[PDB]
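As provided, work_22.pdb (PDB, C-alpha atoms and all ligand atoms) reads as follows.
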```
ATOM      1  CA  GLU A 697      52.083-176.694 -95.067
ATOM      2  CA  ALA A 698      51.269-180.019 -96.809
ATOM      3  CA  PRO A 699      52.771-183.115 -95.041
ATOM      4  CA  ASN A 700      55.506-184.699 -97.225
ATOM      5  CA  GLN A 701      54.123-188.218 -96.785
ATOM      6  CA  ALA A 702      56.778-189.611 -99.155
ATOM      7  CA  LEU A 703      58.456-192.961 -98.401
ATOM      8  CA  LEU A 704      62.209-193.603 -97.884
ATOM      9  CA  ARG A 705      62.939-197.259 -98.655
ATOM     10  CA  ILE A 706      65.998-198.672 -96.891
ATOM     11  CA  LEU A 707      67.567-201.329 -99.118
ATOM     12  CA  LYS A 708      69.721-204.264 -98.057
ATOM     13  CA  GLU A 709      73.055-204.374 -99.874
ATOM     14  CA  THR A 710      72.353-208.021-100.726
ATOM     15  CA  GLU A 711      69.352-206.884-102.792
ATOM     16  CA  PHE A 712      71.380-205.291-105.609
ATOM     17  CA  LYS A 713      74.329-206.585-107.642
ATOM     18  CA  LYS A 714      76.769-204.037-109.034
ATOM     19  CA  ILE A 715      78.165-204.686-112.508
ATOM     20  CA  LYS A 716      80.354-201.846-113.804
ATOM     21  CA  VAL A 717      81.449-198.300-112.964
ATOM     22  CA  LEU A 718      80.028-195.139-114.534
ATOM     23  CA  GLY A 719      81.756-192.134-112.963
ATOM     24  CA  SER A 720      84.264-191.251-110.227
ATOM     25  CA  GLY A 724      82.133-190.280-104.619
ATOM     26  CA  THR A 725      81.632-192.737-107.520
ATOM     27  CA  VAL A 726      78.493-193.589-109.574
ATOM     28  CA  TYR A 727      77.946-197.295-110.383
ATOM     29  CA  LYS A 728      75.496-199.385-112.320
ATOM     30  CA  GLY A 729      73.764-202.590-111.356
ATOM     31  CA  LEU A 730      70.530-204.509-110.906
ATOM     32  CA  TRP A 731      68.277-204.200-107.852
ATOM     33  CA  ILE A 732      66.338-207.372-107.022
ATOM     34  CA  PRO A 733      63.851-206.547-104.193
ATOM     35  CA  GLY A 735      61.862-211.353-102.625
ATOM     36  CA  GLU A 736      60.024-209.842-105.591
ATOM     37  CA  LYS A 737      60.763-211.955-108.723
ATOM     38  CA  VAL A 738      61.894-208.844-110.616
ATOM     39  CA  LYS A 739      65.138-207.178-111.718
ATOM     40  CA  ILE A 740      65.469-203.390-111.936
ATOM     41  CA  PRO A 741      68.355-201.577-113.688
ATOM     42  CA  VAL A 742      69.685-198.998-111.224
ATOM     43  CA  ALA A 743      72.461-196.460-110.751
ATOM     44  CA  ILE A 744      74.115-196.825-107.338
ATOM     45  CA  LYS A 745      75.782-193.493-106.583
ATOM     46  CA  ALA A 750      83.156-191.952 -96.484
ATOM     47  CA  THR A 751      83.319-190.485 -92.946
ATOM     48  CA  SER A 752      82.745-186.797 -93.662
ATOM     49  CA  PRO A 753      79.660-185.679 -91.679
ATOM     50  CA  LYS A 754      78.895-182.946 -94.224
ATOM     51  CA  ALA A 755      79.255-185.388 -97.128
ATOM     52  CA  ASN A 756      76.519-187.520 -95.560
ATOM     53  CA  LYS A 757      74.458-184.466 -94.581
ATOM     54  CA  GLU A 758      74.379-183.328 -98.236
ATOM     55  CA  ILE A 759      73.936-186.789 -99.778
ATOM     56  CA  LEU A 760      70.917-187.468 -97.557
ATOM     57  CA  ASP A 761      69.490-184.066 -98.498
ATOM     58  CA  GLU A 762      69.537-185.169-102.140
ATOM     59  CA  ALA A 763      67.795-188.421-101.210
ATOM     60  CA  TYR A 764      65.180-186.353 -99.370
ATOM     61  CA  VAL A 765      64.337-184.370-102.510
ATOM     62  CA  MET A 766      64.415-187.303-104.939
ATOM     63  CA  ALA A 767      62.142-189.367-102.694
ATOM     64  CA  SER A 768      59.618-186.506-102.512
ATOM     65  CA  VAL A 769      59.156-186.082-106.284
ATOM     66  CA  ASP A 770      57.195-188.310-108.654
ATOM     67  CA  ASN A 771      56.914-187.241-112.292
ATOM     68  CA  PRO A 772      57.644-188.790-115.710
ATOM     69  CA  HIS A 773      60.309-186.108-116.262
ATOM     70  CA  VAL A 774      62.019-186.098-112.852
ATOM     71  CA  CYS A 775      64.479-188.766-111.737
ATOM     72  CA  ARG A 776      63.117-190.487-108.606
ATOM     73  CA  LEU A 777      64.997-192.307-105.800
ATOM     74  CA  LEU A 778      64.369-196.047-105.476
ATOM     75  CA  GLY A 779      66.047-196.052-102.066
ATOM     76  CA  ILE A 780      69.209-195.642-100.036
ATOM     77  CA  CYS A 781      71.652-198.159 -98.582
ATOM     78  CA  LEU A 782      73.155-197.583 -95.125
ATOM     79  CA  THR A 783      76.326-199.676 -95.049
ATOM     80  CA  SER A 784      79.890-198.498 -94.411
ATOM     81  CA  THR A 785      79.040-195.766 -96.938
ATOM     82  CA  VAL A 786      75.711-194.167 -97.842
ATOM     83  CA  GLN A 787      74.512-195.137-101.329
ATOM     84  CA  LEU A 788      71.738-193.595-103.451
ATOM     85  CA  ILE A 789      69.912-196.165-105.630
ATOM     86  CA  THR A 790      68.104-194.508-108.544
ATOM     87  CA  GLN A 791      66.667-195.398-111.942
ATOM     88  CA  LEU A 792      69.336-196.281-114.507
ATOM     89  CA  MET A 793      69.417-193.752-117.352
ATOM     90  CA  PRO A 794      71.340-195.753-119.976
ATOM     91  CA  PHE A 795      72.143-192.901-122.386
ATOM     92  CA  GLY A 796      73.914-190.670-119.867
ATOM     93  CA  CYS A 797      73.306-186.948-119.529
ATOM     94  CA  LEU A 798      71.788-184.876-122.315
ATOM     95  CA  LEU A 799      74.856-182.633-122.606
ATOM     96  CA  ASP A 800      77.134-185.547-123.513
ATOM     97  CA  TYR A 801      74.375-187.095-125.630
ATOM     98  CA  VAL A 802      73.884-183.916-127.662
ATOM     99  CA  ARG A 803      77.641-183.628-128.283
ATOM    100  CA  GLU A 804      78.235-187.247-129.346
ATOM    101  CA  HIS A 805      75.229-187.232-131.697
ATOM    102  CA  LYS A 806      75.401-183.723-133.194
ATOM    103  CA  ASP A 807      74.713-184.973-136.731
ATOM    104  CA  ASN A 808      71.778-187.280-135.952
ATOM    105  CA  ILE A 809      69.575-185.116-133.697
ATOM    106  CA  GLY A 810      66.528-183.694-135.465
ATOM    107  CA  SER A 811      64.214-180.792-134.709
ATOM    108  CA  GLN A 812      61.506-183.091-133.328
ATOM    109  CA  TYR A 813      63.847-184.527-130.691
ATOM    110  CA  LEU A 814      65.228-181.118-129.687
ATOM    111  CA  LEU A 815      61.795-179.527-129.268
ATOM    112  CA  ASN A 816      60.500-182.640-127.486
ATOM    113  CA  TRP A 817      63.335-182.327-124.967
ATOM    114  CA  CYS A 818      62.398-178.693-124.329
ATOM    115  CA  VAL A 819      58.798-179.740-123.644
ATOM    116  CA  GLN A 820      59.790-182.556-121.284
ATOM    117  CA  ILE A 821      62.214-180.428-119.262
ATOM    118  CA  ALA A 822      59.580-177.696-118.981
ATOM    119  CA  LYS A 823      57.165-180.373-117.758
ATOM    120  CA  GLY A 824      59.701-181.541-115.179
ATOM    121  CA  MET A 825      60.325-178.026-113.890
ATOM    122  CA  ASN A 826      56.584-177.323-113.873
ATOM    123  CA  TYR A 827      56.154-180.303-111.547
ATOM    124  CA  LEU A 828      58.954-179.089-109.273
ATOM    125  CA  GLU A 829      57.143-175.752-109.054
ATOM    126  CA  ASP A 830      53.973-177.549-107.959
ATOM    127  CA  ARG A 831      56.050-179.059-105.136
ATOM    128  CA  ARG A 832      57.372-175.620-104.089
ATOM    129  CA  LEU A 833      60.839-176.706-105.231
ATOM    130  CA  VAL A 834      63.570-174.499-106.710
ATOM    131  CA  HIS A 835      66.242-176.531-108.495
ATOM    132  CA  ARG A 836      68.998-173.867-108.480
ATOM    133  CA  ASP A 837      71.136-176.020-110.807
ATOM    134  CA  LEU A 838      69.206-176.576-114.043
ATOM    135  CA  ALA A 839      71.643-177.407-116.847
ATOM    136  CA  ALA A 840      72.108-179.823-119.727
ATOM    137  CA  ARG A 841      74.639-181.771-117.648
ATOM    138  CA  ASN A 842      71.923-182.401-115.030
ATOM    139  CA  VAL A 843      69.290-183.821-117.415
ATOM    140  CA  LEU A 844      69.544-187.573-117.972
ATOM    141  CA  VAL A 845      68.330-189.749-120.844
ATOM    142  CA  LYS A 846      66.616-193.122-120.518
ATOM    143  CA  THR A 847      65.599-193.249-124.196
ATOM    144  CA  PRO A 848      66.300-190.670-126.929
ATOM    145  CA  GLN A 849      62.596-189.736-126.587
ATOM    146  CA  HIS A 850      62.447-189.546-122.774
ATOM    147  CA  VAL A 851      64.601-187.322-120.554
ATOM    148  CA  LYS A 852      64.391-186.477-116.856
ATOM    149  CA  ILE A 853      65.814-183.834-114.512
ATOM    150  CA  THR A 854      68.190-184.943-111.757
ATOM    151  CA  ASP A 855      71.010-183.828-109.425
ATOM    152  CA  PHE A 856      69.231-182.047-106.554
ATOM    153  CA  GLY A 857      72.268-181.095-104.479
ATOM    154  CA  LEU A 858      71.164-177.454-104.748
ATOM    155  CA  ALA A 859      67.376-177.857-104.581
ATOM    156  CA  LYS A 860      65.514-176.063-101.773
ATOM    157  CA  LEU A 861      61.998-175.198-100.446
ATOM    158  CA  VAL A 876      78.489-172.271-107.980
ATOM    159  CA  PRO A 877      77.354-172.316-111.645
ATOM    160  CA  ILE A 878      77.632-168.628-112.514
ATOM    161  CA  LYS A 879      77.021-169.040-116.262
ATOM    162  CA  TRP A 880      73.561-170.599-115.599
ATOM    163  CA  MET A 881      72.226-168.339-112.823
ATOM    164  CA  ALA A 882      69.798-165.458-113.088
ATOM    165  CA  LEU A 883      71.304-162.016-112.401
ATOM    166  CA  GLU A 884      69.399-161.709-109.089
ATOM    167  CA  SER A 885      71.032-165.003-108.132
ATOM    168  CA  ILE A 886      74.587-163.904-108.957
ATOM    169  CA  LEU A 887      74.151-160.593-107.114
ATOM    170  CA  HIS A 888      71.723-161.117-104.210
ATOM    171  CA  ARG A 889      71.834-164.916-103.629
ATOM    172  CA  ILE A 890      68.121-164.903-104.556
ATOM    173  CA  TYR A 891      66.837-168.165-106.068
ATOM    174  CA  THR A 892      63.193-168.210-107.185
ATOM    175  CA  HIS A 893      61.097-170.404-109.462
ATOM    176  CA  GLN A 894      61.689-167.649-112.033
ATOM    177  CA  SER A 895      65.465-167.885-111.608
ATOM    178  CA  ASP A 896      65.026-171.510-112.682
ATOM    179  CA  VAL A 897      63.395-170.174-115.860
ATOM    180  CA  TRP A 898      66.660-168.333-116.519
ATOM    181  CA  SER A 899      68.681-171.533-116.121
ATOM    182  CA  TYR A 900      66.123-173.222-118.373
ATOM    183  CA  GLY A 901      66.833-170.730-121.151
ATOM    184  CA  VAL A 902      70.558-171.383-120.838
ATOM    185  CA  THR A 903      69.839-175.124-120.901
ATOM    186  CA  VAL A 904      67.840-174.823-124.123
ATOM    187  CA  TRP A 905      70.729-172.782-125.517
ATOM    188  CA  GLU A 906      73.046-175.707-124.770
ATOM    189  CA  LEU A 907      70.784-178.072-126.711
ATOM    190  CA  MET A 908      70.241-175.745-129.671
ATOM    191  CA  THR A 909      74.026-175.304-129.955
ATOM    192  CA  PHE A 910      74.597-179.088-129.662
ATOM    193  CA  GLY A 911      76.587-178.697-126.450
ATOM    194  CA  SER A 912      78.395-175.361-126.742
ATOM    195  CA  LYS A 913      79.755-173.939-123.500
ATOM    196  CA  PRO A 914      77.757-170.818-122.547
ATOM    197  CA  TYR A 915      79.896-167.674-122.428
ATOM    198  CA  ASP A 916      82.909-169.763-123.524
ATOM    199  CA  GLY A 917      86.035-167.756-122.679
ATOM    200  CA  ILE A 918      84.289-164.960-120.753
ATOM    201  CA  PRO A 919      85.521-165.557-117.149
ATOM    202  CA  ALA A 920      82.891-165.818-114.435
ATOM    203  CA  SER A 921      84.239-162.598-112.895
ATOM    204  CA  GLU A 922      82.690-160.575-115.742
ATOM    205  CA  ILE A 923      79.419-162.496-116.234
ATOM    206  CA  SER A 924      77.238-160.294-114.022
ATOM    207  CA  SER A 925      78.862-157.228-115.611
ATOM    208  CA  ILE A 926      78.051-158.123-119.221
ATOM    209  CA  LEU A 927      74.550-159.198-118.179
ATOM    210  CA  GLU A 928      74.095-155.741-116.652
ATOM    211  CA  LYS A 929      75.287-154.209-119.925
ATOM    212  CA  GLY A 930      72.367-156.048-121.558
ATOM    213  CA  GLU A 931      74.325-158.732-123.402
ATOM    214  CA  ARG A 932      72.917-162.256-123.636
ATOM    215  CA  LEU A 933      73.950-165.451-125.382
ATOM    216  CA  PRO A 934      73.910-165.245-129.199
ATOM    217  CA  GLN A 935      71.214-166.756-131.382
ATOM    218  CA  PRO A 936      72.051-170.409-132.175
ATOM    219  CA  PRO A 937      72.283-170.998-135.936
ATOM    220  CA  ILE A 938      69.508-173.603-136.191
ATOM    221  CA  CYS A 939      67.063-171.424-134.235
ATOM    222  CA  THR A 940      64.378-169.442-135.961
ATOM    223  CA  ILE A 941      63.632-166.157-134.244
ATOM    224  CA  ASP A 942      60.572-167.839-132.705
ATOM    225  CA  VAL A 943      62.681-170.245-130.638
ATOM    226  CA  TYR A 944      65.370-167.674-129.826
ATOM    227  CA  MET A 945      62.766-165.109-128.732
ATOM    228  CA  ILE A 946      61.590-167.571-126.076
ATOM    229  CA  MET A 947      65.142-168.110-124.843
ATOM    230  CA  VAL A 948      65.706-164.344-124.689
ATOM    231  CA  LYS A 949      62.493-163.966-122.678
ATOM    232  CA  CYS A 950      63.925-166.285-120.018
ATOM    233  CA  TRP A 951      66.787-163.789-119.550
ATOM    234  CA  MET A 952      64.948-160.542-118.788
ATOM    235  CA  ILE A 953      65.996-158.698-115.601
ATOM    236  CA  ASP A 954      62.361-158.519-114.380
ATOM    237  CA  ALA A 955      61.828-162.159-113.304
ATOM    238  CA  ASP A 956      58.056-161.646-113.552
ATOM    239  CA  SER A 957      58.469-160.760-117.216
ATOM    240  CA  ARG A 958      60.170-164.120-117.789
ATOM    241  CA  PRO A 959      57.882-166.875-119.122
ATOM    242  CA  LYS A 960      56.303-169.510-116.935
ATOM    243  CA  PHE A 961      57.157-173.191-117.160
ATOM    244  CA  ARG A 962      53.478-173.909-117.843
ATOM    245  CA  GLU A 963      53.761-171.465-120.754
ATOM    246  CA  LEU A 964      57.052-172.903-122.017
ATOM    247  CA  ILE A 965      55.308-176.285-122.197
ATOM    248  CA  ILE A 966      52.562-174.757-124.351
ATOM    249  CA  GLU A 967      54.869-172.797-126.652
ATOM    250  CA  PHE A 968      57.443-175.516-127.325
ATOM    251  CA  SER A 969      54.608-178.027-127.746
ATOM    252  CA  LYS A 970      53.007-175.862-130.439
ATOM    253  CA  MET A 971      56.391-175.835-132.188
ATOM    254  CA  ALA A 972      56.870-179.593-131.762
ATOM    255  CA  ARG A 973      53.736-180.059-133.889
ATOM    256  CA  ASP A 974      55.740-178.683-136.858
ATOM    257  CA  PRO A 975      59.390-178.871-135.782
ATOM    258  CA  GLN A 976      60.956-178.079-139.169
ATOM    259  CA  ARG A 977      59.175-174.697-139.137
ATOM    260  CA  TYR A 978      61.143-173.546-136.075
ATOM    261  CA  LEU A 979      64.486-175.414-136.225
ATOM    262  CA  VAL A 980      66.439-175.404-139.498
ATOM    263  CA  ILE A 981      68.732-178.446-139.308
ATOM    264  CA  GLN A 982      70.595-180.098-142.222
ATOM    265  CA  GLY A 983      69.112-183.602-142.495
ATOM    266  CA  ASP A 984      65.497-183.460-141.352
ATOM    267  CA  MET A1007      68.639-211.037-117.801
ATOM    268  CA  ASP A1008      65.009-212.191-117.951
ATOM    269  CA  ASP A1009      62.608-210.740-115.368
ATOM    270  CA  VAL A1010      63.804-207.175-116.028
ATOM    271  CA  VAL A1011      61.338-204.349-115.452
ATOM    272  CA  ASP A1012      62.025-200.650-115.828
ATOM    273  CA  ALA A1013      61.941-198.539-112.677
ATOM    274  CA  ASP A1014      58.989-196.601-114.122
ATOM    275  CA  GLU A1015      56.893-199.805-114.144
ATOM    276  CA  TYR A1016      57.825-200.618-110.521
ATOM    277  CA  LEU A1017      55.396-198.640-108.363
TER     278      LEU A1017
HETATM  279  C1  LIG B1101      80.139-189.385-114.439
HETATM  280  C2  LIG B1101      79.269-189.760-115.352
HETATM  281  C3  LIG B1101      77.923-190.404-114.925
HETATM  282  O1  LIG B1101      77.682-190.544-113.756
HETATM  283  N1  LIG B1101      76.936-190.842-115.993
HETATM  284  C4  LIG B1101      75.619-191.464-115.674
HETATM  285  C5  LIG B1101      74.871-191.031-114.526
HETATM  286  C6  LIG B1101      73.607-191.623-114.221
HETATM  287  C7  LIG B1101      72.874-191.233-113.127
HETATM  288  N2  LIG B1101      73.415-190.179-112.252
HETATM  289  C8  LIG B1101      72.784-189.847-110.956
HETATM  290  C9  LIG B1101      72.383-188.498-110.693
HETATM  291  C10 LIG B1101      71.785-188.168-109.466
HETATM  292  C11 LIG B1101      71.583-189.149-108.509
HETATM  293  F1  LIG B1101      70.998-188.821-107.309
HETATM  294  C12 LIG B1101      71.970-190.459-108.756
HETATM  295 CL1  LIG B1101      71.690-191.779-107.450
HETATM  296  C13 LIG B1101      72.588-190.805-110.019
HETATM  297  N3  LIG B1101      71.669-191.816-112.863
HETATM  298  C14 LIG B1101      71.187-192.785-113.683
HETATM  299  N4  LIG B1101      71.890-193.186-114.759
HETATM  300  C15 LIG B1101      73.081-192.628-115.046
HETATM  301  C16 LIG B1101      73.840-193.077-116.235
HETATM  302  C17 LIG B1101      75.069-192.507-116.536
HETATM  303  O2  LIG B1101      75.785-192.939-117.668
HETATM  304  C18 LIG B1101      75.048-193.841-118.571
HETATM  305  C19 LIG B1101      76.047-194.454-119.550
HETATM  306  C20 LIG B1101      76.179-193.615-120.880
HETATM  307  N5  LIG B1101      77.392-193.188-121.018
HETATM  308  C21 LIG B1101      78.185-194.142-121.613
HETATM  309  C22 LIG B1101      77.968-194.242-123.112
HETATM  310  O3  LIG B1101      78.040-193.009-123.729
HETATM  311  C23 LIG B1101      77.196-192.091-123.160
HETATM  312  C24 LIG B1101      77.402-191.971-121.658
END
```
Transcribe the structure of this file into C-alpha cells.
Ligand SMILES: C=CC(=O)Nc1cc2c(Nc3ccc(F)c(Cl)c3)ncnc2cc1OCCCN1CCOCC1
Amino acid sequence: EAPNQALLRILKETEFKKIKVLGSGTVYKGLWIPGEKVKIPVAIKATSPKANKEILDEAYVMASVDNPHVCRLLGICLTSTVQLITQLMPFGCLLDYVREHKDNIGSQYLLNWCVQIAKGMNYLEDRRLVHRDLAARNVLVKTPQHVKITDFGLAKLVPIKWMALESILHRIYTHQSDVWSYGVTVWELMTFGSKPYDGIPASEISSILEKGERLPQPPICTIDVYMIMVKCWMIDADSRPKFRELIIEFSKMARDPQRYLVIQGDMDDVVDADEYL
C-alpha cells in the first residue's frame, strides 16, 4: 500500500551512442551522455504488442529498485522500437564468468558473491518482490568483487531445474521459493558452472524431488556450506532459511573463506552509473 514514487526517465536517442553488440531482441553496449558533461557506460537492450507489454513490465521493476546488488534502469527510449538503457556490467553474467575463470576463482570471491546475492534478494523482499527466476545466468558482474541481480521478466508483487517444488506443482511463487532458486544458484557457483540435474529431463524433476533427492555436494564445499544449500531445498518453505540469515551465515564464512571452501590454489568524462544519482 506504499506509493511506488519511482521515476521513469525517457531518454532521447541522440543522448546515447552505441558502439558494439553484446547479444542477439538484441543487447547492445554504448555510452549515454545526458547536457550533463558526463559519459555513462550503458547496455541498451518490433511491433508485437505483447513484446512491448513484457519489456515495459521489466522496465517497471528495474526502475522501482535501488540497491548496490540489484541492476537498476537508467531509462527507456521510445523510438521505432522500445529500448531499455541500464548500467553496463562489463564482465558479463556470473555463470559465464565462473566457467571461463574456473582456475582463478578463490574461496573469498565465491563466498562474497553468495553474500551479495543474498543482499540483493533481501532488498527485493523488502520491496515485496518475488524474482521467480533467480539463477547464475541472471546475475551480472561489474567488477570481480561486485555482482548484481537482473532480468526481471518474471518478477511480480519456465526454468524447472531452479524452481521450488511448490512452484513446479502448484504455480506458487513466494519469497521462500526464491530461497530455493538461491540454493540452486549457489550450487552453480560452487560447481564452477555445472548444469543442475544435467541429463535428468525436466519431466522427472518434480518426481525425484518428491523422492527426496537433491543436487549432490559440490567437491569444494565443506559440509557447512552444503548444509546451507540443502536447507534451501526443504519441502516446508518456512523451514528454508531467510535471505537475511543467508547474509549472516555466508558473511561469517567469508571472514575465513579457506575454512569452508577447499580450493586448489588459495573517453574522458566517464562516470559509472552507480555514481550518477
Ligand atoms: C547475450 C549475452 C549478454 O547480453 N551479455 C551482457 C549483458 C549485460 C546486461 N544485460 C541486461 C539484462 C537485463 C536488462 F534489463 C538489460 Cl537493459 C540488460 N546488462 C549490462 N551489461 C551486460 C553485459 C553483457 O556482456 C558483457 C561483456 C562480457 N562478455 C564478453 C567477454 O567475456 C565475458 C562476457
Produce a table with one row for each residue of chain A that has an atom at most 6 Å from any atom of ligand LIG 1101 (chain B), each row naming the nearest atom pair and its distance in Å at one decimal; use all atoms listed in the file; arrange rows by chain and rising residue number; format as CSV.
```
residue,atom,partner,partner_atom,distance
A:718,CA,B:LIG1101,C3,5.2
A:719,CA,B:LIG1101,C1,3.5
A:726,CA,B:LIG1101,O1,5.2
A:743,CA,B:LIG1101,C14,4.9
A:744,CA,B:LIG1101,CL1,5.6
A:745,CA,B:LIG1101,CL1,4.5
A:788,CA,B:LIG1101,CL1,4.4
A:789,CA,B:LIG1101,CL1,5.1
A:790,CA,B:LIG1101,CL1,4.6
A:791,CA,B:LIG1101,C14,5.5
A:792,CA,B:LIG1101,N4,4.0
A:793,CA,B:LIG1101,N4,3.6
A:794,CA,B:LIG1101,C18,4.4
A:795,CA,B:LIG1101,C20,4.4
A:796,CA,B:LIG1101,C18,3.6
A:854,CA,B:LIG1101,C10,5.3
A:855,CA,B:LIG1101,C10,4.4
```
Can you write just those residues out, C-alpha atoms, as a CSV table (one decimal), in the frame of the given file?
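Result file follows (selection_7.csv):
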```csv
chain,number,residue,atom,x,y,z
A,718,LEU,CA,80.0,-195.1,-114.5
A,719,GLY,CA,81.8,-192.1,-113.0
A,726,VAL,CA,78.5,-193.6,-109.6
A,743,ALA,CA,72.5,-196.5,-110.8
A,744,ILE,CA,74.1,-196.8,-107.3
A,745,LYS,CA,75.8,-193.5,-106.6
A,788,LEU,CA,71.7,-193.6,-103.5
A,789,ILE,CA,69.9,-196.2,-105.6
A,790,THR,CA,68.1,-194.5,-108.5
A,791,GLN,CA,66.7,-195.4,-111.9
A,792,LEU,CA,69.3,-196.3,-114.5
A,793,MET,CA,69.4,-193.8,-117.4
A,794,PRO,CA,71.3,-195.8,-120.0
A,795,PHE,CA,72.1,-192.9,-122.4
A,796,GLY,CA,73.9,-190.7,-119.9
A,854,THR,CA,68.2,-184.9,-111.8
A,855,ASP,CA,71.0,-183.8,-109.4
```
Determine the axis-aligned bounding box of all atoms of region 858-888 of chain A present in the file, pad each side by 5 Å, and express its centre and edge lengths in Å to one decimal place as lines of an AutoDock Vina configuration file.
```
center_x = 70.2
center_y = -169.2
center_z = -108.4
size_x = 26.5
size_y = 27.3
size_z = 25.8
```
| said: Could you check the closest approach to residue 801 (chain A) for each of A:954, A:736, A:906, A:916 and tell me which residue wins, using all atoms listed in the file? | reply: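 Once distances to residue 801 (chain A) are computed over all atoms listed in the file, the minimum belongs to A:906.
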| task | Write out as number ranges by chain each polymer residue whose atoms come within 10 Å of residue 715 (chain A), counting all atoms listed in the file; drop sequence neighbours fewer than 5 positions from it. | result | A: 727-730
| request: Tell me which of A:831, A:716, A:973, A:836 sits closest to residue 899 (chain A), counting all atoms listed in the file. | output: A:836
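Residue nearest residue 741 (chain A) within the list A:946, A:939, A:1013, A:717: A:1013 [criterion: smallest interatomic distance, only C-alpha atoms].
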| For this file, the PyMOL selection byres (((chain A and resi 858) around 10) and not hetatm) selects which residues, as a ChimeraX atom specification? | /A:758,761-762,765,834-838,855-857,859-860,876
Set the distance at 12 Å and use only C-alpha atoms: which residues neighbour residue 830 (chain A) once local chain neighbours fewer than 4 positions away are removed? I'd like the list as a PDB file with C-alpha atoms, keeping the file's coordinate frame.
```
ATOM      1  CA  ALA A 698      51.269-180.019 -96.809  1.00  0.00           C
ATOM      2  CA  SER A 768      59.618-186.506-102.512  1.00  0.00           C
ATOM      3  CA  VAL A 769      59.156-186.082-106.284  1.00  0.00           C
ATOM      4  CA  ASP A 770      57.195-188.310-108.654  1.00  0.00           C
ATOM      5  CA  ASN A 771      56.914-187.241-112.292  1.00  0.00           C
ATOM      6  CA  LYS A 823      57.165-180.373-117.758  1.00  0.00           C
ATOM      7  CA  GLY A 824      59.701-181.541-115.179  1.00  0.00           C
ATOM      8  CA  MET A 825      60.325-178.026-113.890  1.00  0.00           C
ATOM      9  CA  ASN A 826      56.584-177.323-113.873  1.00  0.00           C
ATOM     10  CA  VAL A 834      63.570-174.499-106.710  1.00  0.00           C
ATOM     11  CA  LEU A 861      61.998-175.198-100.446  1.00  0.00           C
ATOM     12  CA  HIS A 893      61.097-170.404-109.462  1.00  0.00           C
ATOM     13  CA  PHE A 961      57.157-173.191-117.160  1.00  0.00           C
ATOM     14  CA  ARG A 962      53.478-173.909-117.843  1.00  0.00           C
TER      15      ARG A 962
END
```
| query | With all atoms listed in the file as the atoms that count, which of A:889, A:803, A:754, A:879 lies nearest to residue 923 (chain A)? | reply |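 Selected residue with least distance to residue 923 (chain A): A:879.
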I need the residue set behind the PyMOL selection byres (((chain A and resi 947) around 9) and not hetatm) for this file; please write it as a tab-separated table (two decimals) with C-alpha atoms, in the coordinates of the input.
```tsv
chain	number	residue	atom	x	y	z
A	898	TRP	CA	66.66	-168.33	-116.52
A	900	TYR	CA	66.12	-173.22	-118.37
A	901	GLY	CA	66.83	-170.73	-121.15
A	902	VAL	CA	70.56	-171.38	-120.84
A	904	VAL	CA	67.84	-174.82	-124.12
A	905	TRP	CA	70.73	-172.78	-125.52
A	943	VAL	CA	62.68	-170.24	-130.64
A	944	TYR	CA	65.37	-167.67	-129.83
A	945	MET	CA	62.77	-165.11	-128.73
A	946	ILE	CA	61.59	-167.57	-126.08
A	948	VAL	CA	65.71	-164.34	-124.69
A	949	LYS	CA	62.49	-163.97	-122.68
A	950	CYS	CA	63.92	-166.28	-120.02
A	951	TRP	CA	66.79	-163.79	-119.55
```
